[PDB]
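Reading through the structure tokens given below for one structure.
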Amino acid sequence: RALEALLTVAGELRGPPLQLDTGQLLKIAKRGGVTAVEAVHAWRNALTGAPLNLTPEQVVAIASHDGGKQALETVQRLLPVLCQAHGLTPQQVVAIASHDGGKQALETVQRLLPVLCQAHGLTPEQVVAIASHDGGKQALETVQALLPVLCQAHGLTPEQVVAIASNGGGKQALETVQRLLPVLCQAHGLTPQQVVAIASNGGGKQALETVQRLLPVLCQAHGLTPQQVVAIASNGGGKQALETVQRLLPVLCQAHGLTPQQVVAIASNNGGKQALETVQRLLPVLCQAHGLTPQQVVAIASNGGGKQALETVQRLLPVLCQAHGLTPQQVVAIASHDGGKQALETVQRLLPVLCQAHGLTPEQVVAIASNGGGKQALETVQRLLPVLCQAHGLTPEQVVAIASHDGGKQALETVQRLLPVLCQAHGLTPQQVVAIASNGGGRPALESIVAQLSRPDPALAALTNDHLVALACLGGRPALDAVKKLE
DNA sequence: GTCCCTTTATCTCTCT
DNA sequence: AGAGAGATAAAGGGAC
């Protein structure tokens, strides 16, 4: 019964004004549901046209959530009242709106941002942070409710209260800190800093509780220190991570060899449980079928989704090496980040049309993949490389440089965006723009430079454009912001 | 379906 | 280049 309505709406939504594609409408259907896709079909015009002007990807972002219809409805209602009335940018709104029950988060933002700023001294960016989640309305109401007692009875700072509330089930973590802080500190000598670190993670309640019940056991019985424990607790799925460490402590330090430290290191990211289990399974495989060492595997595993990385190393190692002519060290390198599954996969399916259909080396490609988000890097190269070499006069080595960093996608995009405005309007050369973009944070660096030239902050008008450039190159937005307070 | 929560995976910026 | 920390995205389960 679901397929009928999806096929009915689908290649009518694939046309104007949305131009959506398979994967896109797939994402909507399997999270916002058929209602979401129908609502997108219906209000397709009101969403892209003024005064909303929503980009397609932004629409997709609002719909693909339990409630997407309501989220669209409410965005169309209060997209200008929030901007108009609370100086919010439309992107901030779109960010509040793109979670389960965005309609509540939006309505509650409208209703509470004033008091939360005036009565409790939040900045709009803090309020938007609290609301930008699943059960945002709840987090907001619980900040408004609890912030005075947490600050006054428990000695936390407003910032800490915001950190706790800025995740999944923020309310649960706030109330759990309210309940458990004077026990975690009293009877275990933790600090408010530590209790906040534990709670400032999705499922934070379960993390705090699990710490109260398993710290004495992991520590005073499995030979761990409170520091190692809190370390494990201070990521998402910290309860699962803690319990899994407690089970597998003696089932990995005497079997596979792994040491306590290695265990806690693999347990100290998102899905630490998964990564630990996958390590228990795959460590003897990859070391005696792929030739790898313990150290390498533990590296691949000591990341977020480390499980996915382990399993994709298993799956893709020989084929990438023996066909695509990569080496083990290289592959371990590409995998040793957050998203190495996506990295390895994207290398596998793209190394062809970059080496062949362009002229990239596998080493260049490997360097593009060896940086967190590598997938996005590579894909954005594959799109924007003809654009950037035919219509802007860049050499491939330059594009490869720009993508050879975290935020590569962002870097390259922001290059094509502001490639003539700074070169034509302000007199920068291409090599300058590339030079700026070729670091971590190229996108915000380029953005602050354009934001400088097109309206000189006098403290920085005191420098020649070139100095500005070399400055943006050596430290980006942070350094360009730092060399203004010094005056 | 719509809202809230928890767990898990991915991406981007800053800091040296 | 690594680590830390934020942010965004995906998947699933309880509740009504």
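Numbering starts fresh at 1 for the residues of each chain in the structure tokens, the chains themselves are lettered A, B, ... in the order given, and ligands are numbered from 1 as they appear.
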
**Request:** Pull out every residue of chain A sitting within 10 Å of chain C, counting only C-alpha atoms (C1' of nucleotides), and send them as a list in words.
**Result:**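 Matching residues, ligands excluded from the count: residues 27, 31, 61, 95, 98, 99, 129, 132, 133, 371 and 405 of chain A.
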
For the selection just defined, write its residues with N, CA and C atoms to a file, as a PDB file, in the first residue's frame.
```
ATOM      1  N   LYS A  27      15.221   8.420   1.051  1.00  0.00           N
ATOM      2  CA  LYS A  27      15.503   8.870   2.409  1.00  0.00           C
ATOM      3  C   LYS A  27      14.252   9.401   3.098  1.00  0.00           C
ATOM      4  N   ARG A  31      11.918   7.507   6.340  1.00  0.00           N
ATOM      5  CA  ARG A  31      11.981   8.130   7.665  1.00  0.00           C
ATOM      6  C   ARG A  31      10.824   9.085   8.003  1.00  0.00           C
ATOM      7  N   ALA A  61      15.933  17.762   3.943  1.00  0.00           N
ATOM      8  CA  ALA A  61      16.389  17.736   5.327  1.00  0.00           C
ATOM      9  C   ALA A  61      15.241  17.893   6.312  1.00  0.00           C
ATOM     10  N   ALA A  95      17.635  24.060  10.607  1.00  0.00           N
ATOM     11  CA  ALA A  95      18.337  23.127  11.497  1.00  0.00           C
ATOM     12  C   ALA A  95      17.494  22.713  12.694  1.00  0.00           C
ATOM     13  N   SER A  98      14.706  20.219  11.323  1.00  0.00           N
ATOM     14  CA  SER A  98      15.090  18.931  10.752  1.00  0.00           C
ATOM     15  C   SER A  98      15.391  17.895  11.823  1.00  0.00           C
ATOM     16  N   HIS A  99      14.441  17.663  12.715  1.00  0.00           N
ATOM     17  CA  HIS A  99      14.547  16.573  13.686  1.00  0.00           C
ATOM     18  C   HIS A  99      13.146  15.993  13.929  1.00  0.00           C
ATOM     19  N   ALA A 129      21.077  25.854  19.616  1.00  0.00           N
ATOM     20  CA  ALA A 129      21.739  24.593  19.950  1.00  0.00           C
ATOM     21  C   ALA A 129      20.815  23.644  20.737  1.00  0.00           C
ATOM     22  N   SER A 132      17.982  22.327  18.438  1.00  0.00           N
ATOM     23  CA  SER A 132      18.373  21.601  17.224  1.00  0.00           C
ATOM     24  C   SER A 132      18.509  20.088  17.432  1.00  0.00           C
ATOM     25  N   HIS A 133      17.502  19.464  18.037  1.00  0.00           N
ATOM     26  CA  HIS A 133      17.584  18.039  18.357  1.00  0.00           C
ATOM     27  C   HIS A 133      16.223  17.336  18.393  1.00  0.00           C
ATOM     28  N   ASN A 371      41.580  11.655   4.870  1.00  0.00           N
ATOM     29  CA  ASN A 371      41.099  12.738   5.727  1.00  0.00           C
ATOM     30  C   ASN A 371      39.590  12.702   6.012  1.00  0.00           C
ATOM     31  N   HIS A 405      42.210  17.772   2.678  1.00  0.00           N
ATOM     32  CA  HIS A 405      42.051  18.238   4.063  1.00  0.00           C
ATOM     33  C   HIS A 405      40.632  17.995   4.580  1.00  0.00           C
TER      34      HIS A 405
END
```

**Message:** Could you pull out the alpha helix (DSSP H) residues of stretch 177-376 of chain A, going by DSSP on the backbone, and write them as a VMD selection string?
**Reply:** chain A and resid 177 to 184 192 to 199 204 to 220 226 to 233 238 to 248 260 to 267 272 to 287 294 to 301 306 to 322 328 to 335 340 to 355 362 to 369 374 to 376

**Request:** Within 10 Å of stretch 144-147 of chain A, counting only C-alpha atoms (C1' of nucleotides), which residues show up once you throw out same-chain ones fewer than 6 positions away? Write them as a PyMOL selection string, please.
**Result:** chain A and resi 112-113+115-116+119-120+138+153+156-158+160-162+171+174-175+178

**Request:** Would you kindly report the residues of chain A within 6 Å of chain B, using only C-alpha atoms (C1' of nucleotides), as a PyMOL selection string?
**Result:** chain A and resi 67+101+135+169+203+237+271+305+339+373+407+441

For N, CA and C atoms, I'd like the residues from the last selection saved as a PDB file, in the first residue's frame.
```
ATOM      1  N   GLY A  67       7.456  12.932  11.204  1.00  0.00           N
ATOM      2  CA  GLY A  67       6.668  14.132  11.418  1.00  0.00           C
ATOM      3  C   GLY A  67       6.846  15.156  10.336  1.00  0.00           C
ATOM      4  N   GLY A 101       9.816  15.767  15.175  1.00  0.00           N
ATOM      5  CA  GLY A 101       8.941  16.659  15.905  1.00  0.00           C
ATOM      6  C   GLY A 101       9.467  18.078  15.898  1.00  0.00           C
ATOM      7  N   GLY A 135      13.327  16.044  20.271  1.00  0.00           N
ATOM      8  CA  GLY A 135      12.732  16.295  21.568  1.00  0.00           C
ATOM      9  C   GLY A 135      13.258  17.624  22.028  1.00  0.00           C
ATOM     10  N   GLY A 169      17.394  13.486  24.027  1.00  0.00           N
ATOM     11  CA  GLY A 169      16.767  13.406  25.333  1.00  0.00           C
ATOM     12  C   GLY A 169      17.430  14.319  26.344  1.00  0.00           C
ATOM     13  N   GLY A 203      21.919  10.047  25.071  1.00  0.00           N
ATOM     14  CA  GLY A 203      21.692   9.003  26.059  1.00  0.00           C
ATOM     15  C   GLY A 203      22.456   9.233  27.356  1.00  0.00           C
ATOM     16  N   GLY A 237      26.474   6.285  23.694  1.00  0.00           N
ATOM     17  CA  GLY A 237      26.468   4.853  23.977  1.00  0.00           C
ATOM     18  C   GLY A 237      27.491   4.489  25.050  1.00  0.00           C
ATOM     19  N   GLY A 271      29.734   4.055  19.619  1.00  0.00           N
ATOM     20  CA  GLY A 271      29.558   2.663  19.276  1.00  0.00           C
ATOM     21  C   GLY A 271      30.734   1.853  19.771  1.00  0.00           C
ATOM     22  N   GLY A 305      32.195   4.618  14.840  1.00  0.00           N
ATOM     23  CA  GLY A 305      31.771   3.603  13.890  1.00  0.00           C
ATOM     24  C   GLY A 305      32.905   2.648  13.532  1.00  0.00           C
ATOM     25  N   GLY A 339      34.361   7.401   9.484  1.00  0.00           N
ATOM     26  CA  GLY A 339      33.708   7.246   8.199  1.00  0.00           C
ATOM     27  C   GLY A 339      34.534   6.449   7.205  1.00  0.00           C
ATOM     28  N   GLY A 373      35.945  12.377   6.310  1.00  0.00           N
ATOM     29  CA  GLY A 373      34.958  12.905   5.383  1.00  0.00           C
ATOM     30  C   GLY A 373      35.409  12.661   3.957  1.00  0.00           C
ATOM     31  N   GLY A 407      37.050  18.784   5.632  1.00  0.00           N
ATOM     32  CA  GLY A 407      36.174  19.774   5.035  1.00  0.00           C
ATOM     33  C   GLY A 407      36.462  20.021   3.565  1.00  0.00           C
ATOM     34  N   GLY A 441      39.643  24.050   7.405  1.00  0.00           N
ATOM     35  CA  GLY A 441      38.931  25.300   7.570  1.00  0.00           C
ATOM     36  C   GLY A 441      39.145  26.284   6.436  1.00  0.00           C
TER      37      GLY A 441
END
```

**Message:** Please list as a PyMOL selection string every residue within 6 Å of stretch 410-424 of chain A, counting only C-alpha atoms (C1' of nucleotides) and excluding residues in the same chain fewer than 2 positions away.
**Reply:** chain A and resi 407-408+426-429+437+442-443

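Between residue A:24 and the residues A:164, A:252, A:319, A:60, the shortest atom-to-atom distance, using only C-alpha atoms, involves A:60.
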
**Asked** Please, what distance in Å, to one decimal, runs between atom CA of residue A:191 and atom CA of residue A:243?
**Response** 22.2 Å

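Reported to one decimal place, the separation of atom CA of residue A:355 from atom CA of residue A:320 is 13.9 Å.
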
**Message:** If I take atom CA of residue A:285 and atom CA of residue A:257, how far is one from the other in Å, to one decimal?
**Reply:** 14.2 Å

**Prompt:** If we count only C-alpha atoms (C1' of nucleotides), what is near residue A:362 at a cut-off of 9 Å, once residues fewer than 3 positions away on the same chain are taken out, given as a PyMOL selection string?
**Reply:** chain A and resi 324-326+351+354-355+365-367

Skip residue A:374 itself and residues of its chain fewer than 4 positions away, then list as a PDB file with N, CA, C and O atoms, in the first residue's frame all residues within 9 Å of it, counting only C-alpha atoms (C1' of nucleotides).
```
ATOM      1  N   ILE A 334      43.525   5.101   5.238  1.00  0.00           N
ATOM      2  CA  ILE A 334      42.237   5.608   4.777  1.00  0.00           C
ATOM      3  C   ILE A 334      41.116   5.214   5.744  1.00  0.00           C
ATOM      4  O   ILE A 334      40.145   5.947   5.931  1.00  0.00           O
ATOM      5  N   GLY A 339      34.361   7.401   9.484  1.00  0.00           N
ATOM      6  CA  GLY A 339      33.708   7.246   8.199  1.00  0.00           C
ATOM      7  C   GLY A 339      34.534   6.449   7.205  1.00  0.00           C
ATOM      8  O   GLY A 339      34.247   6.475   6.007  1.00  0.00           O
ATOM      9  N   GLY A 340      35.546   5.737   7.704  1.00  0.00           N
ATOM     10  CA  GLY A 340      36.456   4.949   6.882  1.00  0.00           C
ATOM     11  C   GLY A 340      35.779   3.869   6.048  1.00  0.00           C
ATOM     12  O   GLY A 340      36.321   3.411   5.031  1.00  0.00           O
ATOM     13  N   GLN A 342      32.924   4.583   4.535  1.00  0.00           N
ATOM     14  CA  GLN A 342      32.541   5.416   3.404  1.00  0.00           C
ATOM     15  C   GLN A 342      33.767   5.782   2.566  1.00  0.00           C
ATOM     16  O   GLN A 342      33.706   5.837   1.331  1.00  0.00           O
ATOM     17  N   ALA A 343      34.884   6.008   3.254  1.00  0.00           N
ATOM     18  CA  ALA A 343      36.161   6.296   2.610  1.00  0.00           C
ATOM     19  C   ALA A 343      36.536   5.173   1.656  1.00  0.00           C
ATOM     20  O   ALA A 343      36.568   5.373   0.439  1.00  0.00           O
ATOM     21  N   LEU A 344      36.801   3.993   2.220  1.00  0.00           N
ATOM     22  CA  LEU A 344      37.141   2.790   1.447  1.00  0.00           C
ATOM     23  C   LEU A 344      36.166   2.490   0.307  1.00  0.00           C
ATOM     24  O   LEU A 344      36.588   2.214  -0.821  1.00  0.00           O
ATOM     25  N   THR A 346      34.113   4.566  -1.247  1.00  0.00           N
ATOM     26  CA  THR A 346      34.193   5.606  -2.264  1.00  0.00           C
ATOM     27  C   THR A 346      35.476   5.518  -3.085  1.00  0.00           C
ATOM     28  O   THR A 346      35.438   5.744  -4.293  1.00  0.00           O
ATOM     29  N   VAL A 347      36.596   5.173  -2.445  1.00  0.00           N
ATOM     30  CA  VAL A 347      37.830   4.874  -3.180  1.00  0.00           C
ATOM     31  C   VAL A 347      37.626   3.732  -4.177  1.00  0.00           C
ATOM     32  O   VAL A 347      38.005   3.833  -5.352  1.00  0.00           O
ATOM     33  N   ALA A 367      45.502  10.202  -0.626  1.00  0.00           N
ATOM     34  CA  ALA A 367      45.611  11.407   0.187  1.00  0.00           C
ATOM     35  C   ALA A 367      44.270  12.140   0.319  1.00  0.00           C
ATOM     36  O   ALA A 367      44.007  12.775   1.343  1.00  0.00           O
ATOM     37  N   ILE A 368      43.437  12.070  -0.719  1.00  0.00           N
ATOM     38  CA  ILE A 368      42.095  12.664  -0.667  1.00  0.00           C
ATOM     39  C   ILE A 368      41.201  11.857   0.262  1.00  0.00           C
ATOM     40  O   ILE A 368      40.265  12.375   0.873  1.00  0.00           O
ATOM     41  N   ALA A 369      41.499  10.579   0.383  1.00  0.00           N
ATOM     42  CA  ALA A 369      40.646   9.732   1.182  1.00  0.00           C
ATOM     43  C   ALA A 369      41.136   9.659   2.621  1.00  0.00           C
ATOM     44  O   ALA A 369      40.368   9.342   3.535  1.00  0.00           O
ATOM     45  N   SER A 370      42.406   9.988   2.827  1.00  0.00           N
ATOM     46  CA  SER A 370      43.024   9.833   4.141  1.00  0.00           C
ATOM     47  C   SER A 370      42.684  10.957   5.138  1.00  0.00           C
ATOM     48  O   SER A 370      43.378  11.137   6.134  1.00  0.00           O
ATOM     49  N   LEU A 378      36.354  13.224  -2.195  1.00  0.00           N
ATOM     50  CA  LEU A 378      36.343  12.511  -3.466  1.00  0.00           C
ATOM     51  C   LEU A 378      35.136  12.809  -4.369  1.00  0.00           C
ATOM     52  O   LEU A 378      35.301  13.114  -5.550  1.00  0.00           O
ATOM     53  N   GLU A 379      33.927  12.728  -3.828  1.00  0.00           N
ATOM     54  CA  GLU A 379      32.755  12.954  -4.674  1.00  0.00           C
ATOM     55  C   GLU A 379      32.724  14.383  -5.205  1.00  0.00           C
ATOM     56  O   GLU A 379      32.395  14.620  -6.376  1.00  0.00           O
ATOM     57  N   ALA A 403      41.122  19.590  -1.608  1.00  0.00           N
ATOM     58  CA  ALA A 403      40.374  18.467  -1.024  1.00  0.00           C
ATOM     59  C   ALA A 403      41.198  17.617  -0.045  1.00  0.00           C
ATOM     60  O   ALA A 403      40.636  16.922   0.804  1.00  0.00           O
ATOM     61  N   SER A 404      42.522  17.686  -0.148  1.00  0.00           N
ATOM     62  CA  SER A 404      43.427  16.915   0.713  1.00  0.00           C
ATOM     63  C   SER A 404      43.373  17.319   2.206  1.00  0.00           C
ATOM     64  O   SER A 404      44.381  17.220   2.914  1.00  0.00           O
ATOM     65  N   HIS A 405      42.210  17.772   2.678  1.00  0.00           N
ATOM     66  CA  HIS A 405      42.051  18.238   4.063  1.00  0.00           C
ATOM     67  C   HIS A 405      40.632  17.995   4.580  1.00  0.00           C
ATOM     68  O   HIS A 405      39.695  17.869   3.782  1.00  0.00           O
ATOM     69  N   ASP A 406      40.475  17.940   5.905  1.00  0.00           N
ATOM     70  CA  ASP A 406      39.143  17.919   6.503  1.00  0.00           C
ATOM     71  C   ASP A 406      38.312  19.066   5.932  1.00  0.00           C
ATOM     72  O   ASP A 406      38.812  20.174   5.736  1.00  0.00           O
ATOM     73  N   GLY A 407      37.050  18.784   5.632  1.00  0.00           N
ATOM     74  CA  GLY A 407      36.174  19.774   5.035  1.00  0.00           C
ATOM     75  C   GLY A 407      36.462  20.021   3.565  1.00  0.00           C
ATOM     76  O   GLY A 407      36.055  21.049   3.030  1.00  0.00           O
ATOM     77  N   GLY A 408      37.153  19.080   2.918  1.00  0.00           N
ATOM     78  CA  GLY A 408      37.492  19.184   1.507  1.00  0.00           C
ATOM     79  C   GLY A 408      36.341  19.584   0.601  1.00  0.00           C
ATOM     80  O   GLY A 408      36.482  20.462  -0.255  1.00  0.00           O
ATOM     81  N   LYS A 409      35.201  18.929   0.789  1.00  0.00           N
ATOM     82  CA  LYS A 409      33.983  19.266   0.067  1.00  0.00           C
ATOM     83  C   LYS A 409      33.669  20.756   0.247  1.00  0.00           C
ATOM     84  O   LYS A 409      33.486  21.509  -0.725  1.00  0.00           O
TER      85      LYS A 409
END
```
